[PDB]
$ cat my_file.cif   # mmCIF, N, CA and C atoms
data_target
#
loop_
_atom_site.group_PDB
_atom_site.id
_atom_site.type_symbol
_atom_site.label_atom_id
_atom_site.label_comp_id
_atom_site.auth_asym_id
_atom_site.auth_seq_id
_atom_site.Cartn_x
_atom_site.Cartn_y
_atom_site.Cartn_z
ATOM 1 N N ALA A 1 38.354 25.146 10.127
ATOM 2 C CA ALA A 1 36.992 25.535 10.553
ATOM 3 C C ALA A 1 36.328 24.407 11.346
ATOM 4 N N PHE A 2 35.042 24.524 11.683
ATOM 5 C CA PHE A 2 34.271 23.469 12.339
ATOM 6 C C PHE A 2 34.023 22.282 11.393
ATOM 7 N N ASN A 3 34.782 21.197 11.526
ATOM 8 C CA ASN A 3 34.657 20.002 10.690
ATOM 9 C C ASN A 3 33.662 18.974 11.233
ATOM 10 N N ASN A 4 33.202 19.121 12.472
ATOM 11 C CA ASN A 4 32.397 18.132 13.176
ATOM 12 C C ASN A 4 31.115 18.709 13.779
ATOM 13 N N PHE A 5 31.062 19.999 14.120
ATOM 14 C CA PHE A 5 29.895 20.590 14.792
ATOM 15 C C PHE A 5 28.825 21.178 13.855
ATOM 16 N N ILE A 6 29.097 21.329 12.559
ATOM 17 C CA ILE A 6 28.119 21.819 11.571
ATOM 18 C C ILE A 6 27.239 20.651 11.099
ATOM 19 N N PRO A 7 25.918 20.664 11.330
ATOM 20 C CA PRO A 7 25.039 19.569 10.960
ATOM 21 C C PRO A 7 24.698 19.550 9.473
ATOM 22 N N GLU A 8 24.091 18.459 9.050
ATOM 23 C CA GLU A 8 23.366 18.349 7.794
ATOM 24 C C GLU A 8 21.905 18.056 8.108
ATOM 25 N N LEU A 9 20.980 18.581 7.320
ATOM 26 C CA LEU A 9 19.550 18.451 7.568
ATOM 27 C C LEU A 9 18.962 17.420 6.609
ATOM 28 N N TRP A 10 18.041 16.575 7.063
ATOM 29 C CA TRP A 10 17.217 15.719 6.204
ATOM 30 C C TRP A 10 15.776 16.200 6.218
ATOM 31 N N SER A 11 15.169 16.337 5.045
ATOM 32 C CA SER A 11 13.737 16.579 4.920
ATOM 33 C C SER A 11 12.944 15.352 5.379
ATOM 34 N N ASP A 12 11.942 15.533 6.233
ATOM 35 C CA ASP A 12 11.112 14.443 6.756
ATOM 36 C C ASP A 12 10.040 13.948 5.764
ATOM 37 N N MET A 13 9.915 14.573 4.596
ATOM 38 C CA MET A 13 9.052 14.133 3.501
ATOM 39 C C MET A 13 9.866 13.494 2.383
ATOM 40 N N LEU A 14 9.454 12.324 1.899
ATOM 41 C CA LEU A 14 9.901 11.823 0.603
ATOM 42 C C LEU A 14 9.241 12.607 -0.543
ATOM 43 N N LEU A 15 9.992 12.900 -1.600
ATOM 44 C CA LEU A 15 9.415 13.311 -2.875
ATOM 45 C C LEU A 15 8.680 12.136 -3.519
ATOM 46 N N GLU A 16 7.436 12.364 -3.914
ATOM 47 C CA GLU A 16 6.673 11.429 -4.737
ATOM 48 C C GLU A 16 7.164 11.432 -6.184
ATOM 49 N N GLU A 17 7.056 10.294 -6.860
ATOM 50 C CA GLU A 17 7.189 10.216 -8.312
ATOM 51 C C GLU A 17 6.140 11.105 -9.000
ATOM 52 N N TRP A 18 6.509 11.790 -10.078
ATOM 53 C CA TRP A 18 5.538 12.354 -11.013
ATOM 54 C C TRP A 18 5.181 11.293 -12.048
ATOM 55 N N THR A 19 3.909 10.912 -12.090
ATOM 56 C CA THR A 19 3.385 9.758 -12.828
ATOM 57 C C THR A 19 2.266 10.165 -13.769
ATOM 58 N N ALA A 20 2.203 9.537 -14.936
ATOM 59 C CA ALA A 20 1.190 9.814 -15.941
ATOM 60 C C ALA A 20 -0.222 9.553 -15.401
ATOM 61 N N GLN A 21 -1.177 10.431 -15.696
ATOM 62 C CA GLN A 21 -2.569 10.213 -15.329
ATOM 63 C C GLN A 21 -3.151 9.053 -16.139
ATOM 64 N N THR A 22 -3.683 8.039 -15.469
ATOM 65 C CA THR A 22 -4.298 6.882 -16.126
ATOM 66 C C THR A 22 -5.728 7.186 -16.552
ATOM 67 N N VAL A 23 -6.071 6.945 -17.818
ATOM 68 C CA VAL A 23 -7.393 7.275 -18.390
ATOM 69 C C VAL A 23 -8.101 6.114 -19.070
ATOM 70 N N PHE A 24 -7.392 5.159 -19.662
ATOM 71 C CA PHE A 24 -7.988 4.198 -20.579
ATOM 72 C C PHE A 24 -9.025 3.280 -19.950
ATOM 73 N N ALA A 25 -8.882 2.873 -18.694
ATOM 74 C CA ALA A 25 -9.818 1.954 -18.044
ATOM 75 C C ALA A 25 -11.250 2.496 -17.892
ATOM 76 N N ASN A 26 -11.451 3.803 -18.055
ATOM 77 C CA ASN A 26 -12.765 4.444 -18.049
ATOM 78 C C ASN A 26 -13.327 4.723 -19.452
ATOM 79 N N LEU A 27 -12.520 4.601 -20.504
ATOM 80 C CA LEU A 27 -12.922 4.867 -21.885
ATOM 81 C C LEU A 27 -13.424 3.619 -22.614
ATOM 82 N N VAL A 28 -12.868 2.445 -22.308
ATOM 83 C CA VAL A 28 -13.248 1.165 -22.929
ATOM 84 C C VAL A 28 -14.474 0.530 -22.269
ATOM 85 N N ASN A 29 -15.120 -0.406 -22.956
ATOM 86 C CA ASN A 29 -16.296 -1.123 -22.476
ATOM 87 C C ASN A 29 -16.004 -2.007 -21.248
ATOM 88 N N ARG A 30 -16.820 -1.884 -20.201
ATOM 89 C CA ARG A 30 -16.724 -2.645 -18.940
ATOM 90 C C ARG A 30 -17.857 -3.656 -18.755
ATOM 91 N N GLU A 31 -18.774 -3.817 -19.711
ATOM 92 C CA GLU A 31 -20.023 -4.555 -19.477
ATOM 93 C C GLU A 31 -19.815 -6.028 -19.130
ATOM 94 N N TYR A 32 -18.756 -6.655 -19.635
ATOM 95 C CA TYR A 32 -18.464 -8.061 -19.391
ATOM 96 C C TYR A 32 -17.982 -8.363 -17.970
ATOM 97 N N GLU A 33 -17.792 -7.380 -17.090
ATOM 98 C CA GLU A 33 -17.349 -7.657 -15.718
ATOM 99 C C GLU A 33 -18.366 -8.422 -14.869
ATOM 100 N N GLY A 34 -19.660 -8.342 -15.173
ATOM 101 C CA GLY A 34 -20.690 -9.112 -14.483
ATOM 102 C C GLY A 34 -20.565 -10.605 -14.780
ATOM 103 N N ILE A 35 -20.531 -10.964 -16.062
ATOM 104 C CA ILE A 35 -20.331 -12.347 -16.493
ATOM 105 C C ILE A 35 -18.945 -12.873 -16.108
ATOM 106 N N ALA A 36 -17.893 -12.061 -16.191
ATOM 107 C CA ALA A 36 -16.523 -12.468 -15.884
ATOM 108 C C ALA A 36 -16.163 -12.460 -14.392
ATOM 109 N N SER A 37 -17.151 -12.453 -13.507
ATOM 110 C CA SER A 37 -16.983 -12.705 -12.075
ATOM 111 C C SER A 37 -16.459 -14.116 -11.739
ATOM 112 N N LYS A 38 -16.478 -15.052 -12.698
ATOM 113 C CA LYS A 38 -15.993 -16.443 -12.656
ATOM 114 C C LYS A 38 -15.263 -16.790 -13.957
ATOM 115 N N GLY A 39 -14.531 -17.896 -13.986
ATOM 116 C CA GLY A 39 -13.851 -18.391 -15.179
ATOM 117 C C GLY A 39 -12.684 -17.524 -15.634
ATOM 118 N N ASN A 40 -11.982 -17.956 -16.668
ATOM 119 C CA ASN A 40 -10.816 -17.283 -17.233
ATOM 120 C C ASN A 40 -10.968 -16.910 -18.715
ATOM 121 N N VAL A 41 -12.157 -17.093 -19.285
ATOM 122 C CA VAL A 41 -12.516 -16.775 -20.668
ATOM 123 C C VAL A 41 -13.951 -16.273 -20.746
ATOM 124 N N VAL A 42 -14.210 -15.306 -21.616
ATOM 125 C CA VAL A 42 -15.550 -14.986 -22.111
ATOM 126 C C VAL A 42 -15.568 -15.222 -23.609
ATOM 127 N N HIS A 43 -16.520 -15.992 -24.111
ATOM 128 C CA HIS A 43 -16.749 -16.159 -25.539
ATOM 129 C C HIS A 43 -17.778 -15.139 -25.994
ATOM 130 N N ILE A 44 -17.410 -14.308 -26.956
ATOM 131 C CA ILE A 44 -18.269 -13.271 -27.516
ATOM 132 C C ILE A 44 -18.530 -13.635 -28.972
ATOM 133 N N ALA A 45 -19.788 -13.699 -29.400
ATOM 134 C CA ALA A 45 -20.160 -14.099 -30.751
ATOM 135 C C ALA A 45 -20.969 -13.026 -31.481
ATOM 136 N N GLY A 46 -20.800 -12.931 -32.794
ATOM 137 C CA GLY A 46 -21.506 -11.991 -33.659
ATOM 138 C C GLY A 46 -22.233 -12.676 -34.803
ATOM 139 N N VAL A 47 -23.321 -12.068 -35.269
ATOM 140 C CA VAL A 47 -24.071 -12.569 -36.428
ATOM 141 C C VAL A 47 -23.226 -12.492 -37.695
ATOM 142 N N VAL A 48 -23.420 -13.444 -38.597
ATOM 143 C CA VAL A 48 -23.039 -13.308 -40.003
ATOM 144 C C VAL A 48 -24.331 -13.138 -40.781
ATOM 145 N N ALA A 49 -24.521 -11.993 -41.427
ATOM 146 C CA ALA A 49 -25.780 -11.682 -42.083
ATOM 147 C C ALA A 49 -26.028 -12.595 -43.297
ATOM 148 N N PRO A 50 -27.268 -13.048 -43.547
ATOM 149 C CA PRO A 50 -27.607 -13.785 -44.753
ATOM 150 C C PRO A 50 -27.395 -12.949 -46.021
ATOM 151 N N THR A 51 -26.885 -13.562 -47.082
ATOM 152 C CA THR A 51 -26.620 -12.895 -48.358
ATOM 153 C C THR A 51 -27.913 -12.582 -49.102
ATOM 154 N N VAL A 52 -28.061 -11.357 -49.603
ATOM 155 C CA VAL A 52 -29.123 -10.985 -50.549
ATOM 156 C C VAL A 52 -28.865 -11.640 -51.902
ATOM 157 N N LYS A 53 -29.834 -12.405 -52.400
ATOM 158 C CA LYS A 53 -29.763 -13.123 -53.676
ATOM 159 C C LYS A 53 -30.528 -12.380 -54.755
ATOM 160 N N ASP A 54 -29.984 -12.352 -55.957
ATOM 161 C CA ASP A 54 -30.685 -11.883 -57.149
ATOM 162 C C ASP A 54 -31.725 -12.920 -57.593
ATOM 163 N N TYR B 1 52.862 37.349 23.755
ATOM 164 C CA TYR B 1 52.565 38.686 23.246
ATOM 165 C C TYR B 1 53.762 39.637 23.289
ATOM 166 N N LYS B 2 54.604 39.522 24.318
ATOM 167 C CA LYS B 2 55.784 40.355 24.552
ATOM 168 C C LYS B 2 56.953 39.992 23.626
ATOM 169 N N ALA B 3 56.928 38.817 22.999
ATOM 170 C CA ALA B 3 57.916 38.408 22.001
ATOM 171 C C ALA B 3 57.503 38.766 20.566
ATOM 172 N N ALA B 4 56.209 38.956 20.320
ATOM 173 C CA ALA B 4 55.663 39.419 19.050
ATOM 174 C C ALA B 4 55.794 40.949 18.871
ATOM 175 N N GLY B 5 56.864 41.576 19.357
ATOM 176 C CA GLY B 5 56.827 43.005 19.657
ATOM 177 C C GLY B 5 55.827 43.247 20.782
ATOM 178 N N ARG B 6 54.689 43.854 20.458
ATOM 179 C CA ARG B 6 53.447 43.788 21.245
ATOM 180 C C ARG B 6 52.237 43.585 20.337
ATOM 181 N N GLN B 7 52.424 42.846 19.254
ATOM 182 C CA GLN B 7 51.382 42.557 18.278
ATOM 183 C C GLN B 7 50.491 41.395 18.731
ATOM 184 N N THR B 8 49.264 41.360 18.230
ATOM 185 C CA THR B 8 48.330 40.234 18.361
ATOM 186 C C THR B 8 47.477 40.102 17.098
ATOM 187 N N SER B 9 46.957 38.917 16.809
ATOM 188 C CA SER B 9 45.948 38.702 15.766
ATOM 189 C C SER B 9 45.044 37.532 16.119
ATOM 190 N N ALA B 10 43.837 37.506 15.570
ATOM 191 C CA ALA B 10 42.897 36.437 15.847
ATOM 192 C C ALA B 10 43.298 35.149 15.120
ATOM 193 N N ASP B 11 43.284 34.026 15.825
ATOM 194 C CA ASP B 11 43.271 32.698 15.209
ATOM 195 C C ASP B 11 41.847 32.269 14.849
ATOM 196 N N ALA B 12 41.721 31.340 13.908
ATOM 197 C CA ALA B 12 40.504 30.566 13.723
ATOM 198 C C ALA B 12 40.327 29.514 14.827
ATOM 199 N N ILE B 13 39.149 29.458 15.443
ATOM 200 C CA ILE B 13 38.767 28.376 16.357
ATOM 201 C C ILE B 13 38.507 27.077 15.588
ATOM 202 N N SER B 14 38.471 25.949 16.290
ATOM 203 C CA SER B 14 38.304 24.616 15.700
ATOM 204 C C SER B 14 37.486 23.695 16.597
ATOM 205 N N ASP B 15 37.173 22.515 16.084
ATOM 206 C CA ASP B 15 36.536 21.427 16.804
ATOM 207 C C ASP B 15 37.296 20.111 16.595
ATOM 208 N N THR B 16 36.902 19.127 17.379
ATOM 209 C CA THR B 16 37.189 17.705 17.205
ATOM 210 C C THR B 16 35.867 16.966 17.280
ATOM 211 N N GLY B 17 35.816 15.703 16.875
ATOM 212 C CA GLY B 17 34.647 14.894 17.172
ATOM 213 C C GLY B 17 34.846 13.397 17.002
ATOM 214 N N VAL B 18 33.900 12.653 17.557
ATOM 215 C CA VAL B 18 33.785 11.195 17.512
ATOM 216 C C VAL B 18 32.368 10.826 17.081
ATOM 217 N N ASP B 19 32.210 9.666 16.451
ATOM 218 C CA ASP B 19 30.913 9.165 15.998
ATOM 219 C C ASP B 19 30.467 7.987 16.872
ATOM 220 N N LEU B 20 29.282 8.057 17.472
ATOM 221 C CA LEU B 20 28.606 6.883 18.017
ATOM 222 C C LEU B 20 27.829 6.219 16.881
ATOM 223 N N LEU B 21 28.114 4.952 16.593
ATOM 224 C CA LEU B 21 27.446 4.202 15.536
ATOM 225 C C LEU B 21 26.426 3.255 16.156
ATOM 226 N N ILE B 22 25.162 3.364 15.764
ATOM 227 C CA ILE B 22 24.123 2.406 16.134
ATOM 228 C C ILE B 22 24.164 1.253 15.129
ATOM 229 N N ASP B 23 25.197 0.427 15.245
ATOM 230 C CA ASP B 23 25.560 -0.601 14.276
ATOM 231 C C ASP B 23 25.511 -2.029 14.821
ATOM 232 N N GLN B 24 25.105 -2.249 16.067
ATOM 233 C CA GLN B 24 24.908 -3.589 16.602
ATOM 234 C C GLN B 24 23.437 -3.942 16.482
ATOM 235 N N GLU B 25 23.137 -5.077 15.881
ATOM 236 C CA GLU B 25 21.783 -5.592 15.771
ATOM 237 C C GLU B 25 21.831 -7.104 15.947
ATOM 238 N N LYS B 26 21.196 -7.566 17.017
ATOM 239 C CA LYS B 26 21.270 -8.925 17.556
ATOM 240 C C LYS B 26 19.873 -9.466 17.745
ATOM 241 N N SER B 27 19.689 -10.763 17.578
ATOM 242 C CA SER B 27 18.360 -11.364 17.611
ATOM 243 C C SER B 27 18.310 -12.685 18.360
ATOM 244 N N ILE B 28 17.122 -13.034 18.824
ATOM 245 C CA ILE B 28 16.724 -14.347 19.337
ATOM 246 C C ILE B 28 15.624 -14.871 18.424
ATOM 247 N N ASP B 29 15.612 -16.161 18.099
ATOM 248 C CA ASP B 29 14.586 -16.760 17.236
ATOM 249 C C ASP B 29 14.472 -18.265 17.514
ATOM 250 N N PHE B 30 13.335 -18.732 18.032
ATOM 251 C CA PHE B 30 13.154 -20.137 18.403
ATOM 252 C C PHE B 30 11.715 -20.632 18.265
ATOM 253 N N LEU B 31 11.573 -21.950 18.152
ATOM 254 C CA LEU B 31 10.307 -22.656 18.038
ATOM 255 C C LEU B 31 9.898 -23.328 19.336
ATOM 256 N N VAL B 32 8.621 -23.246 19.680
ATOM 257 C CA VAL B 32 7.977 -24.158 20.629
ATOM 258 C C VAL B 32 6.963 -25.021 19.888
ATOM 259 N N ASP B 33 7.231 -26.313 19.794
ATOM 260 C CA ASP B 33 6.373 -27.296 19.131
ATOM 261 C C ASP B 33 5.040 -27.464 19.864
ATOM 262 N N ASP B 34 3.922 -27.436 19.145
ATOM 263 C CA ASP B 34 2.594 -27.625 19.722
ATOM 264 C C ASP B 34 2.397 -28.980 20.392
ATOM 265 N N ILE B 35 3.046 -30.030 19.900
ATOM 266 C CA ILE B 35 2.967 -31.343 20.526
ATOM 267 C C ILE B 35 3.764 -31.328 21.821
ATOM 268 N N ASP B 36 4.985 -30.796 21.812
ATOM 269 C CA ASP B 36 5.761 -30.661 23.036
ATOM 270 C C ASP B 36 5.044 -29.782 24.058
ATOM 271 N N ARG B 37 4.491 -28.624 23.685
ATOM 272 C CA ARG B 37 3.763 -27.746 24.615
ATOM 273 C C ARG B 37 2.630 -28.472 25.340
ATOM 274 N N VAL B 38 1.965 -29.417 24.679
ATOM 275 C CA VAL B 38 0.920 -30.270 25.265
ATOM 276 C C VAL B 38 1.497 -31.400 26.119
ATOM 277 N N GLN B 39 2.548 -32.071 25.668
ATOM 278 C CA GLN B 39 3.059 -33.277 26.313
ATOM 279 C C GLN B 39 4.009 -33.043 27.499
ATOM 280 N N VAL B 40 4.636 -31.879 27.671
ATOM 281 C CA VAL B 40 5.557 -31.628 28.803
ATOM 282 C C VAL B 40 4.855 -31.508 30.164
ATOM 283 N N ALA B 41 5.617 -31.639 31.252
ATOM 284 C CA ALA B 41 5.111 -31.678 32.621
ATOM 285 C C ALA B 41 4.666 -30.327 33.216
ATOM 286 N N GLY B 42 5.091 -29.191 32.661
ATOM 287 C CA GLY B 42 4.707 -27.855 33.122
ATOM 288 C C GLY B 42 4.915 -26.778 32.069
ATOM 289 N N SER B 43 4.849 -25.511 32.458
ATOM 290 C CA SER B 43 4.969 -24.372 31.544
ATOM 291 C C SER B 43 6.317 -24.319 30.821
ATOM 292 N N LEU B 44 6.320 -23.871 29.562
ATOM 293 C CA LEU B 44 7.520 -23.544 28.789
ATOM 294 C C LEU B 44 7.817 -22.035 28.729
ATOM 295 N N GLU B 45 7.138 -21.185 29.497
ATOM 296 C CA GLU B 45 7.366 -19.732 29.506
ATOM 297 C C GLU B 45 8.822 -19.345 29.777
ATOM 298 N N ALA B 46 9.550 -20.167 30.526
ATOM 299 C CA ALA B 46 10.940 -19.959 30.896
ATOM 300 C C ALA B 46 11.878 -19.795 29.699
ATOM 301 N N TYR B 47 11.595 -20.400 28.548
ATOM 302 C CA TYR B 47 12.414 -20.211 27.351
ATOM 303 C C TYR B 47 12.356 -18.780 26.808
ATOM 304 N N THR B 48 11.235 -18.076 26.964
ATOM 305 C CA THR B 48 11.138 -16.649 26.601
ATOM 306 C C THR B 48 11.978 -15.776 27.532
ATOM 307 N N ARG B 49 11.915 -16.006 28.851
ATOM 308 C CA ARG B 49 12.787 -15.348 29.830
ATOM 309 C C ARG B 49 14.258 -15.646 29.577
ATOM 310 N N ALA B 50 14.597 -16.878 29.205
ATOM 311 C CA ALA B 50 15.961 -17.262 28.888
ATOM 312 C C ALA B 50 16.480 -16.512 27.666
ATOM 313 N N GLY B 51 15.693 -16.403 26.596
ATOM 314 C CA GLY B 51 16.053 -15.605 25.423
ATOM 315 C C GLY B 51 16.204 -14.120 25.730
ATOM 316 N N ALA B 52 15.302 -13.538 26.514
ATOM 317 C CA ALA B 52 15.418 -12.147 26.943
ATOM 318 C C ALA B 52 16.689 -11.897 27.775
ATOM 319 N N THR B 53 16.989 -12.793 28.712
ATOM 320 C CA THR B 53 18.207 -12.769 29.534
ATOM 321 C C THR B 53 19.467 -12.931 28.687
ATOM 322 N N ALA B 54 19.420 -13.753 27.645
ATOM 323 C CA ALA B 54 20.521 -13.914 26.710
ATOM 324 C C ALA B 54 20.811 -12.622 25.934
ATOM 325 N N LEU B 55 19.791 -11.899 25.462
ATOM 326 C CA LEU B 55 19.991 -10.592 24.819
ATOM 327 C C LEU B 55 20.552 -9.551 25.784
#
$ encode --input "my_file.cif" --output "structure tokens"
Amino acid sequence: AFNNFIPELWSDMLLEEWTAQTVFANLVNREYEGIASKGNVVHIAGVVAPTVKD
Amino acid sequence: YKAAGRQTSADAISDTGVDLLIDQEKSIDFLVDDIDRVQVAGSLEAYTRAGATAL
């Protein structure tokens, strides 16, 4: 038969990866991004409540 | 046909072929020093023409 004159076709589009939808960066707290515009650490501190005495 | 009695039958047609390969890839790559470009007696443009002529 025709061993040389029958072509093969290439699709001009690549298939994209199917990738998981990213969600977590919108669910967690972002407030420290203003202060963290500089430096490589943020120190976050919390109260220790005074003890109720009898 | 006259030796086949008077019989005939179809043959299958065929092809041949050759491949042109775009497999040669050649380059020019050179430096013109900024100190030399300032200190020489005239233009260095000729080295670009020389590289193009070499390709």
$ interface_residues --input "my_file.cif" --of "chain A" --to "chain B" --cutoff "6 Å" --atoms "only C-alpha atoms" --output "PyMOL selection string"
chain A and resi 1-2+4
$ atom_distance --input "my_file.cif" --atom1 "atom C of residue 29 of chain B" --atom2 "atom CA of residue 52 of chain B"
11.3 Å
$ atom_distance --input "my_file.cif" --atom1 "atom N of residue 41 of chain A" --atom2 "atom C of residue 21 of chain A"
27.8 Å
$ residues_around --input "my_file.cif" --residues "segment 45-51 of chain B" --least-positions-apart "3" --cutoff "6.5 Å" --atoms "only N, CA and C atoms" --output "PyMOL selection string"
chain B and resi 28+54-55
$ atom_distance --input "my_file.cif" --atom1 "atom C of residue 29 of chain A" --atom2 "atom CA of residue 42 of chain A"
13.0 Å
$ select_by_dssp --input "my_file.cif" --residues "chain B" --states "helix (DSSP H, G or I)" --output "number ranges by chain"
B: 34-39, 46-54
$ axis_aligned_box --input "my_file.cif" --around "segment 32-39 of chain B" --padding-each-side "6 Å" --output "lines of an AutoDock Vina configuration file"
center_x = 4.8
center_y = -28.3
center_z = 23.3
size_x = 19.7
size_y = 22.0
size_z = 20.4
